[PDB]
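Notes for the one structure printed next.
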Amino acid sequence: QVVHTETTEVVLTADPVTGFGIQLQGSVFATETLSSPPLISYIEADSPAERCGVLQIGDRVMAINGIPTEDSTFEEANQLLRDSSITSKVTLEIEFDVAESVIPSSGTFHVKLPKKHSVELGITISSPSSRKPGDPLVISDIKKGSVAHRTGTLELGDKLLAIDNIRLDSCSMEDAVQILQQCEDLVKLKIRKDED
């Protein structure tokens with residue numbers, strides 16, 4: 001297969017109830033070097049941690065507020081978190097691979113993405129024109145972190161036919177938003193392929 005390792009950013013804010021619902025560990029592997037000093041092993045229920053927009057168990061944070069991590073002691077990173085609520089907000093960068101959902105077949109591209117309740121996805125929709133049978137769904141932009149762009153398939157300039165279980169065949173971008181939203185567990189994106 002083919003993958004493209006890319007990095008992104010993450011915003012963590014503090015809540016007036018419990019602050020940050022994150023739980024960082026100091027190098028799990030524990031053995032020669034680190035390569036993973038600061039990594040979340042569990043979040044909290046009812047905390048801006050999971051509700052921040054994109055937080056999963058095992059956040060391979062590389063930098064916090066500009067400060068590195070893999071290029072230094074893990075303890076310092078731990079200090080940042082415990083003290084990452086001064087400004088009621090923290091910005092960090094993470095690295096990951098784009099995949100875990102790719103299954104095409106020329107003409108029809110499948111993208112099964114694990115959907116959630118209501119977290120920052122970053123998916124932007126668009127319609128070409130509502131004056132023809134088969135109005136396909138169109139993408140306009142995809143934010144990092146979220147599974148949307150992570151899958152590394154949703155390319156700008158393509159078309160769709162079915163989402164999860166409903167088809168845009170009826171013509172209605174808004175519809176796709178309803179079926180793509182209502183599928184808060186697993187959205188099936190059926191794109192259309194057709195090179196020059």
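A note on labels: chains of the structure tokens are A, B, ... as shown, every chain counts residues from 1, and ligands are counted from 1 in their shown order.
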
Next item on the list: Could you find all residues in stretch 7-143 of chain A that DSSP calls strand (DSSP E or B) from the backbone, and write them as a VMD selection string?
Entry: chain A and resid 7 to 13 15 19 23 to 26 38 to 42 61 to 64 67 89 to 96 103 109 to 113 124 to 126 138 to 141

Based on the selection just made, write N, CA and C atoms of those residues as a short mmCIF file (atom, residue, chain, number, x, y, z; two decimals), in the first residue's frame.
data_model
loop_
_atom_site.label_atom_id
_atom_site.label_comp_id
_atom_site.auth_asym_id
_atom_site.auth_seq_id
_atom_site.Cartn_x
_atom_site.Cartn_y
_atom_site.Cartn_z
N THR A 7 2.28 15.77 9.58
CA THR A 7 2.12 16.28 10.93
C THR A 7 1.02 17.34 10.98
N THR A 8 0.51 17.61 12.18
CA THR A 8 -0.54 18.60 12.36
C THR A 8 -0.45 19.26 13.73
N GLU A 9 -1.48 20.02 14.08
CA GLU A 9 -1.51 20.71 15.37
C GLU A 9 -2.75 20.31 16.16
N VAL A 10 -2.73 20.58 17.46
CA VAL A 10 -3.85 20.25 18.33
C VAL A 10 -4.04 21.32 19.40
N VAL A 11 -5.29 21.71 19.62
CA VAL A 11 -5.62 22.73 20.60
C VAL A 11 -6.31 22.14 21.82
N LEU A 12 -5.73 22.35 22.99
CA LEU A 12 -6.30 21.85 24.24
C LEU A 12 -6.61 23.00 25.19
N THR A 13 -7.89 23.15 25.54
CA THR A 13 -8.31 24.22 26.43
C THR A 13 -8.71 23.69 27.80
N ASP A 15 -11.26 23.67 31.15
CA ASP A 15 -12.66 23.87 31.49
C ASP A 15 -12.80 24.34 32.93
N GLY A 19 -10.84 21.33 34.12
CA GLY A 19 -9.67 21.70 33.35
C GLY A 19 -9.48 20.80 32.14
N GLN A 23 -4.67 12.45 30.16
CA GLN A 23 -3.79 11.68 31.03
C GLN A 23 -2.56 11.26 30.24
N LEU A 24 -1.43 11.93 30.49
CA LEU A 24 -0.21 11.64 29.76
C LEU A 24 0.70 10.67 30.51
N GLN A 25 1.37 9.82 29.74
CA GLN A 25 2.30 8.84 30.30
C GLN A 25 3.72 9.15 29.85
N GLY A 26 4.69 8.77 30.67
CA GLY A 26 6.08 9.03 30.35
C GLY A 26 6.78 7.83 29.74
N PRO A 38 5.97 11.99 25.91
CA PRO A 38 4.65 12.43 26.31
C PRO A 38 3.54 11.83 25.44
N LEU A 39 2.76 10.91 25.99
CA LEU A 39 1.68 10.29 25.24
C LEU A 39 0.46 10.02 26.12
N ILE A 40 -0.70 10.49 25.68
CA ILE A 40 -1.93 10.29 26.43
C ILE A 40 -2.33 8.82 26.44
N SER A 41 -2.75 8.33 27.60
CA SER A 41 -3.17 6.95 27.74
C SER A 41 -4.65 6.85 28.11
N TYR A 42 -5.28 8.00 28.36
CA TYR A 42 -6.69 8.04 28.72
C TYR A 42 -7.18 9.47 28.91
N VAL A 61 2.20 13.62 20.94
CA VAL A 61 2.58 15.03 20.95
C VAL A 61 4.09 15.19 20.78
N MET A 62 4.49 16.04 19.84
CA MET A 62 5.90 16.28 19.58
C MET A 62 6.37 17.60 20.19
N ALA A 63 5.46 18.56 20.29
CA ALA A 63 5.80 19.86 20.86
C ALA A 63 4.62 20.47 21.61
N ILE A 64 4.92 21.25 22.64
CA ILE A 64 3.89 21.90 23.44
C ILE A 64 4.20 23.38 23.61
N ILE A 67 7.71 24.22 22.67
CA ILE A 67 8.74 23.39 23.27
C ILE A 67 8.70 21.98 22.70
N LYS A 89 -5.41 27.37 27.60
CA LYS A 89 -5.29 26.83 26.25
C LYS A 89 -3.85 26.38 25.98
N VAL A 90 -3.72 25.30 25.20
CA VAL A 90 -2.41 24.77 24.86
C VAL A 90 -2.38 24.28 23.41
N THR A 91 -1.32 24.61 22.69
CA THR A 91 -1.18 24.20 21.30
C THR A 91 0.00 23.26 21.13
N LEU A 92 -0.23 22.14 20.46
CA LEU A 92 0.83 21.16 20.24
C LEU A 92 0.78 20.59 18.82
N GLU A 93 1.86 19.93 18.42
CA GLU A 93 1.94 19.33 17.09
C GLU A 93 2.11 17.82 17.19
N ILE A 94 1.45 17.09 16.30
CA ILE A 94 1.53 15.63 16.30
C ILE A 94 1.78 15.08 14.91
N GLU A 95 2.29 13.85 14.85
CA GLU A 95 2.57 13.20 13.58
C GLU A 95 1.83 11.87 13.48
N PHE A 96 1.35 11.54 12.28
CA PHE A 96 0.62 10.30 12.07
C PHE A 96 0.58 9.92 10.60
N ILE A 103 -10.61 2.17 0.21
CA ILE A 103 -11.03 1.00 -0.54
C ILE A 103 -11.76 1.40 -1.82
N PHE A 109 -14.99 5.23 -5.22
CA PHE A 109 -14.03 5.20 -4.12
C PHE A 109 -14.75 5.14 -2.78
N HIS A 110 -14.40 4.15 -1.96
CA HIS A 110 -15.02 4.00 -0.65
C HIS A 110 -14.11 4.53 0.46
N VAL A 111 -14.70 5.28 1.38
CA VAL A 111 -13.95 5.85 2.49
C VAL A 111 -14.75 5.73 3.79
N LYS A 112 -14.61 4.59 4.46
CA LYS A 112 -15.31 4.35 5.71
C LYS A 112 -14.57 5.01 6.87
N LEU A 113 -15.12 6.10 7.37
CA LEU A 113 -14.50 6.83 8.47
C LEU A 113 -15.30 6.67 9.77
N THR A 124 -15.68 20.00 4.63
CA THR A 124 -16.44 21.05 3.97
C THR A 124 -17.11 20.51 2.71
N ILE A 125 -18.41 20.74 2.59
CA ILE A 125 -19.17 20.26 1.44
C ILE A 125 -19.46 21.39 0.45
N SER A 126 -19.84 21.00 -0.76
CA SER A 126 -20.16 21.96 -1.81
C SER A 126 -20.94 21.28 -2.93
N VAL A 138 -19.80 17.31 -3.30
CA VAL A 138 -18.45 17.82 -3.56
C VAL A 138 -17.79 18.34 -2.30
N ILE A 139 -16.49 18.10 -2.18
CA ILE A 139 -15.72 18.55 -1.03
C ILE A 139 -15.18 19.96 -1.28
N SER A 140 -15.00 20.73 -0.21
CA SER A 140 -14.50 22.09 -0.34
C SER A 140 -13.26 22.32 0.51
N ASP A 141 -13.08 21.48 1.52
CA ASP A 141 -11.93 21.59 2.41
C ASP A 141 -11.99 20.54 3.52
#

Distance query residue A:120 at most 7 Å, only C-alpha atoms, self and fewer than 6 positions along chain excluded, as a compact mmCIF listing (two decimals) with C-alpha atoms, in the first residue's frame:
# COMPACT_ATOMS: atom_id res chain seq x y z
CA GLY A 53 -11.82 18.76 18.40
CA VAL A 54 -9.53 15.78 17.88
CA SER A 146 -9.77 14.67 12.22

Next item on the list: Considering only C-alpha atoms, state which residue in the set A:129, A:35, A:88, A:165 is at the smallest distance from residue A:181.
Entry: A:165

Item checked: Separation of atom CA of residue A:121 from atom CA of residue A:102 in Å -> 17.6 Å

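Candidate residues A:166, A:28, A:98, A:171 were compared for distance to residue A:188, and the nearest is A:166, using only C-alpha atoms.
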
Next item on the list: Determine which residues of chain A receive a DSSP assignment of alpha helix (DSSP H), computed from the backbone, and state them as a list in words.
Entry: residues 48, 49, 50, 51, 74, 75, 76, 77, 78, 79, 80, 81, 82, 147, 148, 149, 150, 173, 174, 175, 176, 177, 178, 179, 180, 181 and 182 of chain A

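One finds atom CA of residue A:52 at 20.7 Å from atom CA of residue A:180.
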
Check: In terms of the shortest atom-to-atom distance over only C-alpha atoms, which of A:151, A:172, A:106, A:178 is closest to residue A:2?
Finding: A:151

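Picture a line from atom CA of residue A:55 to atom CA of residue A:37; it runs 17.3 Å.
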